[PDB]
Amino acid sequence: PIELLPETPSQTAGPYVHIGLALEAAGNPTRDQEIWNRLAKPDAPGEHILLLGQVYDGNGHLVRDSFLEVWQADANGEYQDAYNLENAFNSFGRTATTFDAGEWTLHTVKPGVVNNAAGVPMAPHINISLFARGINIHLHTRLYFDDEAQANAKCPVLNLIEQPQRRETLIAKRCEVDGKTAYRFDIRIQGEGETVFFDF
Amino acid sequence: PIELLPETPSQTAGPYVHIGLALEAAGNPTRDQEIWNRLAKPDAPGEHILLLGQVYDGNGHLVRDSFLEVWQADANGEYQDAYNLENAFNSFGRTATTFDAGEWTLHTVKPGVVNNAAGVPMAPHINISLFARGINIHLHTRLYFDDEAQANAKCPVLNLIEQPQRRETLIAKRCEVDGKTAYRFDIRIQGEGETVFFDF
Amino acid sequence: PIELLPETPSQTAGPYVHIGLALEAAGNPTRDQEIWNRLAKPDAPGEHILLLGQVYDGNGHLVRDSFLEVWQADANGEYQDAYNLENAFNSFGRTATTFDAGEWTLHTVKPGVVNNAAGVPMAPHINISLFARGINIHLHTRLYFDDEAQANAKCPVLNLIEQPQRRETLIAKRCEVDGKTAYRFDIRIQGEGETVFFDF
Amino acid sequence: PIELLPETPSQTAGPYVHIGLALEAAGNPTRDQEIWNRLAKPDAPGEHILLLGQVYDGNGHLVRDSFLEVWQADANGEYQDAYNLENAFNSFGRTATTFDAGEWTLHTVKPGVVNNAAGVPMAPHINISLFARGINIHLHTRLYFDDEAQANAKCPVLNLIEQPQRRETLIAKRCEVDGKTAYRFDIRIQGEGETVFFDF
Amino acid sequence: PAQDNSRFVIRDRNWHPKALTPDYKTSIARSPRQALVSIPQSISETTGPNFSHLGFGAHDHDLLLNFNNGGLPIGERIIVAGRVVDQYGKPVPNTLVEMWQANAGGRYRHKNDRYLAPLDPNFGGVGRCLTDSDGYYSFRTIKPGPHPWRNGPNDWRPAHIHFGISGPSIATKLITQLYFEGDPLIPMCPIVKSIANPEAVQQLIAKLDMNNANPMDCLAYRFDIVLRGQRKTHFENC
Amino acid sequence: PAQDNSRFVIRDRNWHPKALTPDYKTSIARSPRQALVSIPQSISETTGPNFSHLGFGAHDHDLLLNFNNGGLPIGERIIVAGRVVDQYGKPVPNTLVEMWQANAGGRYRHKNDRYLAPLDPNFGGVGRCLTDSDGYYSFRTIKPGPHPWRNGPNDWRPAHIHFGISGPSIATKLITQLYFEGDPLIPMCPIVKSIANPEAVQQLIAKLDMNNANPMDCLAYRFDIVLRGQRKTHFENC
Amino acid sequence: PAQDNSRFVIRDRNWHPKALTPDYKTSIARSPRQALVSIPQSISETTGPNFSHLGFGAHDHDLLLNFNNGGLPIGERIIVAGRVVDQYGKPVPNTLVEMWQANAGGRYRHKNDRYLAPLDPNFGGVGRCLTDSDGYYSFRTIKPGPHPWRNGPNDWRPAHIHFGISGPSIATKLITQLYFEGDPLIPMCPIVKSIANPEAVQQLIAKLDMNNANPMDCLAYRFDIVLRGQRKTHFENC
Ligand SMILES: O=[N+]([O-])c1ccc(O)c(O)c1
Ligand SMILES: O=[N+]([O-])c1ccc(O)c(O)c1
Ligand SMILES: O=[N+]([O-])c1ccc(O)c(O)c1
Ligand SMILES: O=[N+]([O-])c1ccc(O)c(O)c1
Ligand SMILES: O=[N+]([O-])c1ccc(O)c(O)c1
Ligand SMILES: [Cl-]
Ligand SMILES: [Cl-]
Ligand SMILES: [Cl-]
Ligand SMILES: [Cl-]
Ligand SMILES: [Cl-]
Ligand SMILES: [Fe+3]
Ligand SMILES: [Fe+3]
Ligand SMILES: [Fe+3]
Ligand SMILES: [Fe+3]
């Protein structure tokens with residue numbers, strides 16, 4: 001058969017990933033511009049929300065050295081790919097779990113709906129890639145929102161998950177953090193309540 | 001790189017290990033001198049203690065054919081390697097789980113504190129090697145004591161176990177058996193509450 | 001390691017090199033435009049100089065079939081690569097030793113100072129490549145000027161020659177030929193007073 | 001045939017040999033004890049002499065980074081092999097050429113006569129081993145003395161040199177340095193007056 | 001804004017390391033036990049950030065100068081350069097390449113690294129750049145030392161530099177590690193060996209590149225990176 | 001009392017059998033699912049019992065006479081001998097070597113063995129001795145018969161003798177099994193094959209040793225044992 | 001005093017590098033053009049200094065501590081150890097072993113080295129010791145970096161440590177260089193390549209020695225040295 005050049009194989013990001021990708025957290029000085037966890041200037045169109053979560057290993061223990069990259073549509077359902085700290089909104093961001101509480105946070109707006117390749121609307125979602133010590137190749141997931149139940153029920157991607165119970169692992173829970181709208185999205189890498197991870 | 005002679009590879013001790021190493025237990029006559037489960041004659045210095053335990057597989061079922069070897073300092077924190085059944089104290093002993101109840105027992109003294117190679121005190125401990133049918137290479141663990149909480153908290157070996165929860169699996173529980181001080185030390189080879197096993 | 005395409009290997013120019021590269025000298029008719037030994041028309045800025053020299057083998061005998069290529073800055077210390085026989089000055093020229101006397105000549109201007117890659121001034125120099133029968137790969141050398149003693153002493157290239165004595169082999173001797181300023185530059189390929197040859 | 005283990009191959013001592021073997025000269029602090037160029041305490045039996053020399057390459061230029069080891073009998077013709085800075089005399093020493101003048105010096109006594117393996121007396125000699133950048137395997141030679149002409153004429157080692165003229169390369173010239181008895185032993189590595197070098 | 005106009009070759013997850021590779025101990029509890037769920041590519045997966053407009057500092061790519069506290073870092077001066085192409089051999093221009101590493105002695109400037117080898121006051125350990133219009137990147141740095149770590153009782157990472165590459169989409173984004181030609185620690189590392197196929201391992205080994213060295217100055221290593229092949233859509237929804 | 005003055009080469013746990021080897025069915029539920037925790041060697045690990053003053057009976061090493069009930073056991077008379085050395089090739093003198101096995105028919109003298117092949121009234125199946133000052137040990141016994149066992153539906157242990165060796169510390173202590181040259185059951189046994197590397201399997205196979213046989217009497221097999229290399233400490237805490 | 005009582009195997013001067021090896025440029029003018037003159041061994045050549053009574057400082061063998069100016073040197077912590085034997089395989093005990101090297105960045109602490117890589121304020125670069133009664137030596141140091149040098153326009157020494165070994169006589173005394181397993185600069189070096197036979201080159205390459213490493217501390221390299229075989233005289237003068 002036709003065989004292309006092989007892709008460069010993945011390796012773990014390792015425990016000191018912060019030195020390269022999360023400078024403040026590693027304990028180091030930051031450069032003038034950093035790619036980080038504030039996707040929206042206060043000005044940006046849409047409903048401003050806080051996202052936060054903790055990450056659990058197969059033993060139910062906090063993964064305190066996780067590194068997360070996110071990609072989401074803006075409030076108007078447009079992917080803003082021209083990354084710029086001067087942008088009202090960036091579709092891309094990065095975050096990491098604090099070593100003490102093991103919690104990451106992201107400041108964003110709720111994404112608008114986009115269609116899949118067949119033209120079917122997907123429920124509002126944030127694409128997530130999870131990296132850490134002990135993770136050889138990053139894990140893909142999606143965060144959807146519990147106050148979008150009608151959309152989530154019809155999502156052509158959620159519906160590819162064979163078991164209804166596993167779809168629940170992807171639905172972030174609306175709550176309030178310091179009085180502000182938030183959604184909690186905990187990730188369980190392994191075992192009971194294991195988060196659905198995707199290949200594409 | 002430099003490659004030495006390879007070590008002879010381990011194999012299971014098998015179900016009939018008692019015939020070679022725990023003669024009574026096999027249903028067999030003993031020889032004049034046997035290496036067994038009494039490390040201290042009643043005259044030995046130190047606090048005299050009964051140790052006991054059961055061994056569980058990954059399904060929570062008793063491992064009734066376990067063979068255990070132990071190595072511990074005397075009450076003064078010194079290892080006594082000159083094995084001799086005349087001694088008031090031997091640092092080495094052997095025991096096995098009864099086929100009926102699955103319980104092993106040792107009769108010994110509480111070991112004194114020993115420093116690690118960097119000179120840091122380790123909490124009082126007994127070194128255990130566990131052998132059985134289904135165990136291809138023996139499992140190393142340590143038995144520490146629940147009435148040494150201050151020393152356990154500071155043990156350089158305990159503190160190499162990354163999760164505090166797992167440290168608990170190595171703390172034997174003080175009780176009384178027929179008026180005499182005793183400690184129960186159950187080992188779970190696999191699954192919930194899995195005992196920490198060492199490589200060194 | 002990374003290995004590139006290998007360079008086409010050098011070979012001797014051979015005794016009849018003149019037929020390809022110095023047409024007069026071969027006893028042959030010239031074409032309309034030839035690359036030859038006059039780098040400066042009488043109108044060129046700078047001090048007009050005749051250069052001449054003989055070439056000796058390791059037995060002190062004249063090398064009568066030498067072919068030389070030269071590359072030099074104009075009087076203002078700039079290299080002029082747009083070769084054109086209309087130019088008042090060309091930085092490139094060619095010459096050859098007469099079969100009878102063994103002497104080559106060039107007509108040029110004294111080059112101005114050029115900085116090395118670190119910004120340090122080099123003493124006025126002409127780059128020479130020498131080709132001949134018996135020379136398998138051409139020999140690189142430099143012609144400097146005996147009336148630039150202060151600059152020669154400070155040249156970063158001259159100072160890469162470890163022995164001061166050998167530095168002398170690259171200093172051309174000012175004289176007068178028929179009232180006009182000239183410099184003699186003899187090259188000794190081998191043995192006593194061997195001319196310094198470069199690799200770069 | 002019988003083939004033994006091969007000897008570890010030699011490599012040049014390199015230009016910075018002084019760091020390891022001539023600390024002061026490298027520009028570095030010395031340790032409490034150094035193996036160096038004073039073989040004799042003022043007390044030592046025998047005629048106290050100074051040895052000095054310069055080392056020349058094939059171009060007649062000073063080898064300013066030479067390192068020399070010497071081995072000689074004491075005044076009574078005994079080899080003192082138990083090296084000790086408290087000894088009245090050490091048969092072994094080290095020296096090196098100064099970088100400015102390229103001259104080494106050694107403070108010693110004139111050696112007494114020893115016999116070769118056949119019982120024939122050798123003329124008074126110092127065994128020398130020369131090391132330097134560009135010297136792949138060290139060069140062995142002997143320094144003999146010009147005021148021992150009768151002995152030198154009969155030396156069974158000097159007489160192994162086929163040409164009388166080459167024997168002269170090994171004869172140090174008695175002179176005076178600051179009014180004290182000395183012998184100069186210049187070494188010519190290559191070319192005219194090349195010093196005899198030995199294999200044994 | 002971004003558009004869905006391409007598809008990316010499916011990953012070979014037997015070429016990449018699998019999730020569960022128990023010799024690498026932390027992988028045991030941090031690997032899923034359920035199968036990944038395959039999903040078709042949509043705009044969500046086939047687009048991603050472009051960093052053309054990110055503001056890079058003058059020394060962002062140069063670890064010899066980007067943590068300057070009065071001197072140069074101690075260690076083997078090296079250029080690490082190479083090309084980012086996709087599996088079709090197409091160059092991947094204007095793409096973000098990030099790298100981070102320990103100092104010459106295997107010490108990381110991270111508060112969680114307590115290895116006894118000293119920090120270097122003039123070495124930070126992070127670099128970033130965009131590939132040029134032809135897919136080439138370059139960094140200047142010190143060759144990192146082996147780093148011991150608590151896996152087995154005597155485990156040592158080979159000299160390595162961590163790499164992250166964005167590429168054209170979130171589907172192409174990759175984190176990996178560069179190793180150095182001939183390092184005898186490579187066959188011994190449980191993290192290297194998380195990759196089952198030795199030919200895949202070979203793709204992570206940078207080669208000495210004398211052609212790219214600065215004489216009397218710094219050596220050079222070449223490390224090329226291949227991202228998933230990108231193609232146009234064809235015959236979809238018909 | 002014992003002293004911490006040596007260190008033992010780290011085990012290769014891919015050379016040894018792994019814990020989880022499912023064809024050997026009992027290992028499935030008796031293997032840890034968490035990684036082993038590596039700890040540095042201390043006096044706890046680098047010391048161990050010396051048995052020089054354990055009192056051995058006259059026939060403790062001689063299974064032909066140590067279960068004498070009025071006759072000799074039936075079966076192939078053999079001497080089993082060899083040397084105990086460490087990985088540096090140093091002999092391991094005065095070390096405890098214990099062994100146990102079935103009779104000539106594959107029947108163990110243990111209440112839990114109900115195999116239908118009879119016991120031998122003059123055979124017990126246990127021996128012990130110390131290595132001598134040059135590291136050599138010797139037993140006399142009957143060659144054990146293959147033993148059927150409830151693993152797969154037709155599984156049979158090759159002829160085998162169980163071995164335990166103390167060595168200089170609890171870190172060197174080893175239990176293993178000896179197998180016999182040419183036994184065609186060896187490649188089929190899921191206990192043998194818990195060892196992944198066939199060169200490691202080869203290290204458990206005793207060789208027919210005609211040189212050590214007593215003519216008209218008994219054959220002999222040679223089984224050498226390698227314990228972890230022991231070296232002195234160096235450059236510690238400095 | 002010293003006695004003539006042994007003879008040393010004649011050197012193979014095609015195994016050693018020859019004097020004239022023009023790719024190594026300085027060798028051209030510093031090689032003899034006349035043949036060496038062979039002489040028989042006498043007391044002058046078969047004896048030499050013994051350094052048992054030389055006074056060694058506490059850190060003479062430990063480059064991590066012997067130039068202490070307030071901290072540890074930056075770089076890959078390594079033990080370099082091995083055995084000195086003669087060509088008959090006999091250990092050479094109580095013999096002087098000296099070594100010197102550049103720092104982690106290929107800079108020498110010598111006033112003539114103007115390479116732009118910085119000096120390390122806590123690294124000197126010299127070590128010495130005597131072999132023990134079994135012929136073994138050991139040093140602790142930082143792995144040296146490649147060093148560029150003015151030979152060809154882009155020439156770089158591999159990582160190397162210079163060694164001098166005295167042995168039992170001036171006939172055995174040797175200076176050499178240690179190189180490191182797998183270093184891709186080794187085949188390219190005109191000084192390495194002064195040795196014509198690649199098998200001779202192999203004898204200068206130290207092997208990674210994990211067995212000798214201190215976990216969480218320092219790696220180790222093994223470098224054994226073979227001096228000329230020493231034998232008794234026989235049938236001389238008869
Ligand atoms: O635990 N890990 O994954 C590690 C530990 C050390 C490293 O240098 C690394 O790159 C990864
Ligand atoms: O289950 N096992 O492990 C067994 C069963 C029979 C044996 O003879 C043995 O050595 C091991
Ligand atoms: O002496 N040569 O160099 C020669 C002689 C004849 C040739 O045709 C040539 O190319 C070279
Ligand atoms: O010129 N040499 O011989 C050299 C130059 C640099 C070196 O590091 C060396 O060992 C030798
Ligand atoms: O792996 N096996 O099964 C083996 C390996 C070596 C042998 O000599 C053998 O008889 C069997
Ligand atoms: Cl936790
Ligand atoms: Cl000179
Ligand atoms: Cl820069
Ligand atoms: Cl004995
Ligand atoms: Cl020390
Ligand atoms: Fe790392
Ligand atoms: Fe058995
Ligand atoms: Fe021709
Ligand atoms: Fe060097």
# chains A, B, ... in the order shown; residues from 1 in each chain; ligands from 1
$ residues_near_ligand --ligand "ligand 8" --cutoff "7 Å" --atoms "only C-alpha atoms and all ligand atoms" --output "list in words"
residues 58, 59, 61, 62 and 65 of chain E
$ interface_residues --of "chain B" --to "chain E" --cutoff "8 Å" --atoms "only C-alpha atoms" --output "VMD selection string"
chain B and resid 1 199 to 200
$ write_last_selection --atoms "N, CA, C and O atoms" --output "CSV table (one decimal), in the first residue's frame"
chain,number,residue,atom,x,y,z
B,1,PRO,N,27.9,-0.4,26.4
B,1,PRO,CA,28.0,-0.2,27.9
B,1,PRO,C,28.5,-1.5,28.5
B,1,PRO,O,28.6,-2.6,27.9
B,199,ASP,N,11.3,-1.8,45.2
B,199,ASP,CA,12.4,-2.3,44.5
B,199,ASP,C,13.7,-1.6,45.1
B,199,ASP,O,13.7,-0.4,45.3
B,200,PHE,N,14.7,-2.4,45.3
B,200,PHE,CA,16.0,-1.9,45.7
B,200,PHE,C,17.1,-2.9,45.3
B,200,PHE,O,16.8,-4.0,44.9
$ atom_distance --atom1 "CA of residue 162 in chain D" --atom2 "CA of residue 8 in chain G"
24.5 Å
$ closest_atom_pairs --of "chain A" --to "chain B" --cutoff "12 Å" --atoms "only C-alpha atoms" --output "Markdown table"
| residue | atom | partner | partner_atom | distance |
| --- | --- | --- | --- | --- |
| A:57 | CA | B:163 | CA | 11.6 |
| A:58 | CA | B:191 | CA | 11.1 |
| A:59 | CA | B:192 | CA | 9.1 |
| A:60 | CA | B:165 | CA | 10.6 |
| A:61 | CA | B:163 | CA | 7.9 |
| A:62 | CA | B:163 | CA | 9.7 |
| A:63 | CA | B:163 | CA | 11.1 |
| A:64 | CA | B:163 | CA | 11.8 |
| A:191 | CA | B:191 | CA | 11.9 |
$ write_last_selection --atoms "N, CA and C atoms" --output "PDB file, in the first residue's frame"
ATOM      1  N   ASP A  57      -6.065  10.619  38.553  1.00  0.00           N
ATOM      2  CA  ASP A  57      -5.466   9.408  38.045  1.00  0.00           C
ATOM      3  C   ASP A  57      -6.320   8.202  38.451  1.00  0.00           C
ATOM      4  N   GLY A  58      -5.861   7.016  38.082  1.00  0.00           N
ATOM      5  CA  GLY A  58      -6.624   5.797  38.285  1.00  0.00           C
ATOM      6  C   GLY A  58      -6.831   5.425  39.726  1.00  0.00           C
ATOM      7  N   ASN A  59      -6.086   6.061  40.626  1.00  0.00           N
ATOM      8  CA  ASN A  59      -6.197   5.805  42.046  1.00  0.00           C
ATOM      9  C   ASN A  59      -7.061   6.837  42.746  1.00  0.00           C
ATOM     10  N   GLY A  60      -7.657   7.762  41.966  1.00  0.00           N
ATOM     11  CA  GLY A  60      -8.412   8.886  42.525  1.00  0.00           C
ATOM     12  C   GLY A  60      -7.588  10.031  43.104  1.00  0.00           C
ATOM     13  N   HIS A  61      -6.292  10.075  42.776  1.00  0.00           N
ATOM     14  CA  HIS A  61      -5.411  11.133  43.243  1.00  0.00           C
ATOM     15  C   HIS A  61      -5.207  12.240  42.222  1.00  0.00           C
ATOM     16  N   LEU A  62      -5.056  13.443  42.734  1.00  0.00           N
ATOM     17  CA  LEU A  62      -4.849  14.603  41.897  1.00  0.00           C
ATOM     18  C   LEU A  62      -3.581  14.505  41.022  1.00  0.00           C
ATOM     19  N   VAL A  63      -3.715  14.814  39.734  1.00  0.00           N
ATOM     20  CA  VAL A  63      -2.590  14.955  38.818  1.00  0.00           C
ATOM     21  C   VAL A  63      -2.174  16.436  38.876  1.00  0.00           C
ATOM     22  N   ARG A  64      -1.214  16.749  39.728  1.00  0.00           N
ATOM     23  CA  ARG A  64      -0.931  18.145  40.055  1.00  0.00           C
ATOM     24  C   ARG A  64      -0.052  18.836  39.043  1.00  0.00           C
ATOM     25  N   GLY A 191     -10.466   4.560  35.217  1.00  0.00           N
ATOM     26  CA  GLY A 191     -11.250   3.894  36.255  1.00  0.00           C
ATOM     27  C   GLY A 191     -12.691   4.351  36.312  1.00  0.00           C
TER      28      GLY A 191
END
$ residues_near_ligand --ligand "ligand 2" --cutoff "7 Å" --atoms "only C-alpha atoms and all ligand atoms" --output "PyMOL selection string"
(chain B and resi 12-15+133-134) or (chain F and resi 26+147+149+157)
$ write_last_selection --atoms "N, CA and C atoms" --output "mmCIF file, in the first residue's frame"
data_model
loop_
_atom_site.group_PDB
_atom_site.id
_atom_site.type_symbol
_atom_site.label_atom_id
_atom_site.label_comp_id
_atom_site.auth_asym_id
_atom_site.auth_seq_id
_atom_site.Cartn_x
_atom_site.Cartn_y
_atom_site.Cartn_z
ATOM 1 N N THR B 12 8.591 -18.716 40.581
ATOM 2 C CA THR B 12 7.671 -18.904 41.705
ATOM 3 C C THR B 12 8.203 -19.949 42.685
ATOM 4 N N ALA B 13 7.936 -19.738 43.965
ATOM 5 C CA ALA B 13 8.236 -20.759 44.975
ATOM 6 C C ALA B 13 7.301 -21.958 44.867
ATOM 7 N N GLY B 14 6.135 -21.759 44.237
ATOM 8 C CA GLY B 14 5.129 -22.827 44.050
ATOM 9 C C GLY B 14 4.341 -23.169 45.325
ATOM 10 N N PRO B 15 3.242 -23.927 45.185
ATOM 11 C CA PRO B 15 2.322 -24.287 46.272
ATOM 12 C C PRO B 15 2.934 -25.176 47.324
ATOM 13 N N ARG B 133 2.969 -19.403 45.361
ATOM 14 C CA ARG B 133 2.284 -19.738 44.109
ATOM 15 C C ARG B 133 1.718 -18.462 43.472
ATOM 16 N N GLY B 134 1.998 -18.280 42.175
ATOM 17 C CA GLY B 134 1.519 -17.117 41.451
ATOM 18 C C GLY B 134 2.358 -15.861 41.564
ATOM 19 N N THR F 26 -2.416 -18.324 38.074
ATOM 20 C CA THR F 26 -2.427 -17.813 39.457
ATOM 21 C C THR F 26 -1.750 -16.432 39.565
ATOM 22 N N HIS F 147 5.380 -33.084 36.607
ATOM 23 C CA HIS F 147 4.242 -32.970 37.524
ATOM 24 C C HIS F 147 3.043 -32.287 36.825
ATOM 25 N N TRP F 149 -0.484 -30.304 36.605
ATOM 26 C CA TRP F 149 -0.979 -29.264 37.487
ATOM 27 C C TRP F 149 -2.139 -28.544 36.827
ATOM 28 N N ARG F 157 4.563 -29.611 34.558
ATOM 29 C CA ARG F 157 5.865 -29.020 34.873
ATOM 30 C C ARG F 157 6.932 -29.921 34.269
#
$ residues_near_ligand --ligand "ligand 10" --cutoff "12 Å" --atoms "only C-alpha atoms and all ligand atoms" --output "ChimeraX atom specification"
/F:234-238 /G:56-68,79,127-129,138-141
$ residues_around --residues "residue 148 in chain C" --least-positions-apart "2" --cutoff "12 Å" --atoms "only C-alpha atoms" --output "ChimeraX atom specification"
/C:110-113,122-125,143-146,150-155,171-174
$ write_last_selection --atoms "N, CA and C atoms" --output "mmCIF file, in the first residue's frame"
data_model
loop_
_atom_site.group_PDB
_atom_site.id
_atom_site.type_symbol
_atom_site.label_atom_id
_atom_site.label_comp_id
_atom_site.auth_asym_id
_atom_site.auth_seq_id
_atom_site.Cartn_x
_atom_site.Cartn_y
_atom_site.Cartn_z
ATOM 1 N N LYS C 110 46.253 49.221 -5.954
ATOM 2 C CA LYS C 110 46.438 48.696 -4.603
ATOM 3 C C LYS C 110 45.071 48.601 -3.946
ATOM 4 N N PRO C 111 44.696 47.412 -3.416
ATOM 5 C CA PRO C 111 43.384 47.305 -2.769
ATOM 6 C C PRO C 111 43.300 48.059 -1.451
ATOM 7 N N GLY C 112 42.116 48.570 -1.159
ATOM 8 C CA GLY C 112 41.835 49.206 0.116
ATOM 9 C C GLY C 112 41.587 48.145 1.173
ATOM 10 N N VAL C 113 41.549 48.599 2.420
ATOM 11 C CA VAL C 113 41.341 47.739 3.574
ATOM 12 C C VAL C 113 39.919 47.164 3.616
ATOM 13 N N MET C 122 41.594 43.898 7.922
ATOM 14 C CA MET C 122 42.697 43.116 7.355
ATOM 15 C C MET C 122 43.605 44.063 6.579
ATOM 16 N N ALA C 123 44.889 43.739 6.543
ATOM 17 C CA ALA C 123 45.864 44.523 5.792
ATOM 18 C C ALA C 123 45.537 44.343 4.315
ATOM 19 N N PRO C 124 45.824 45.362 3.486
ATOM 20 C CA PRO C 124 45.611 45.288 2.036
ATOM 21 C C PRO C 124 46.170 43.984 1.473
ATOM 22 N N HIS C 125 45.347 43.240 0.724
ATOM 23 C CA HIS C 125 45.739 41.928 0.199
ATOM 24 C C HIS C 125 45.070 41.593 -1.121
ATOM 25 N N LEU C 143 48.690 37.883 -1.186
ATOM 26 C CA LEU C 143 49.793 38.819 -1.442
ATOM 27 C C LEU C 143 49.516 40.071 -0.631
ATOM 28 N N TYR C 144 50.352 40.351 0.366
ATOM 29 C CA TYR C 144 50.331 41.625 1.093
ATOM 30 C C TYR C 144 51.521 42.481 0.646
ATOM 31 N N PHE C 145 51.650 43.683 1.218
ATOM 32 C CA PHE C 145 52.527 44.693 0.634
ATOM 33 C C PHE C 145 53.518 45.152 1.679
ATOM 34 N N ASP C 146 54.807 45.181 1.331
ATOM 35 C CA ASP C 146 55.846 45.547 2.312
ATOM 36 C C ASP C 146 55.808 46.992 2.812
ATOM 37 N N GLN C 150 52.619 48.573 9.226
ATOM 38 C CA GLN C 150 51.766 48.760 10.417
ATOM 39 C C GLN C 150 50.493 47.939 10.317
ATOM 40 N N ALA C 151 49.856 47.954 9.150
ATOM 41 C CA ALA C 151 48.636 47.168 8.967
ATOM 42 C C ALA C 151 48.911 45.652 8.939
ATOM 43 N N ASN C 152 49.993 45.217 8.273
ATOM 44 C CA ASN C 152 50.393 43.799 8.279
ATOM 45 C C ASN C 152 50.566 43.242 9.706
ATOM 46 N N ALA C 153 51.245 44.012 10.554
ATOM 47 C CA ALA C 153 51.470 43.603 11.934
ATOM 48 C C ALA C 153 50.164 43.315 12.667
ATOM 49 N N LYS C 154 49.110 44.037 12.297
ATOM 50 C CA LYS C 154 47.795 43.922 12.947
ATOM 51 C C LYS C 154 46.768 43.034 12.216
ATOM 52 N N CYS C 155 47.124 42.478 11.059
ATOM 53 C CA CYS C 155 46.157 41.695 10.257
ATOM 54 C C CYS C 155 45.696 40.446 11.007
ATOM 55 N N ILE C 171 54.667 38.728 2.062
ATOM 56 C CA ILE C 171 54.889 40.164 1.859
ATOM 57 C C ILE C 171 55.620 40.451 0.540
ATOM 58 N N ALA C 172 54.889 41.009 -0.419
ATOM 59 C CA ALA C 172 55.464 41.408 -1.698
ATOM 60 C C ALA C 172 56.418 42.610 -1.532
ATOM 61 N N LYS C 173 57.469 42.606 -2.349
ATOM 62 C CA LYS C 173 58.550 43.605 -2.295
ATOM 63 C C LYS C 173 58.354 44.754 -3.309
ATOM 64 N N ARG C 174 58.212 45.974 -2.786
ATOM 65 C CA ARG C 174 58.068 47.178 -3.606
ATOM 66 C C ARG C 174 59.378 47.447 -4.318
#
$ residues_near_ligand --ligand "ligand 9" --cutoff "7 Å" --atoms "only C-alpha atoms and all ligand atoms" --output "NGL selection string"
:F and (132-134)
$ atom_distance --atom1 "CA of residue 48 in chain B" --atom2 "CA of residue 181 in chain B"
7.5 Å
$ residues_around --residues "residue 33 in chain E" --least-positions-apart "3" --cutoff "12 Å" --atoms "only C-alpha atoms" --output "VMD selection string"
(chain A and resid 57 to 58 188 to 197) or (chain E and resid 18 to 20 27 to 30 36)
$ interface_residues --of "chain E" --to "chain G" --cutoff "8 Å" --atoms "only C-alpha atoms" --output "ChimeraX atom specification"
/E:72-77,103-106,115-120,145-146,148-150,153-155,181-184,208,210,213-217
$ residues_around --residues "residue 86 in chain G" --least-positions-apart "4" --cutoff "10 Å" --atoms "only C-alpha atoms" --output "CSV table (one decimal) with C-alpha atoms, in the first residue's frame"
chain,number,residue,atom,x,y,z
D,4,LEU,CA,48.9,-11.0,24.0
D,5,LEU,CA,46.4,-8.2,24.9
D,6,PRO,CA,47.3,-5.2,22.8
D,7,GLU,CA,48.8,-2.2,24.7
D,8,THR,CA,46.6,0.9,25.0
G,8,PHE,CA,58.9,-5.8,28.7
G,9,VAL,CA,57.2,-6.9,25.5
G,90,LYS,CA,48.5,-9.1,35.3
G,91,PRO,CA,47.1,-6.2,37.5
G,92,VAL,CA,49.5,-3.2,37.9
G,135,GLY,CA,45.1,-2.6,39.8
G,167,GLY,CA,53.5,1.5,35.4
G,168,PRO,CA,56.6,-0.4,36.6
G,172,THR,CA,55.8,1.1,30.4
G,225,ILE,CA,44.4,0.4,30.5
G,226,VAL,CA,46.9,-2.2,29.3
G,227,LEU,CA,50.6,-1.6,29.7
G,228,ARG,CA,53.4,-3.6,28.1
G,229,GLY,CA,53.6,-7.2,29.4
G,230,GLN,CA,56.3,-7.8,32.0
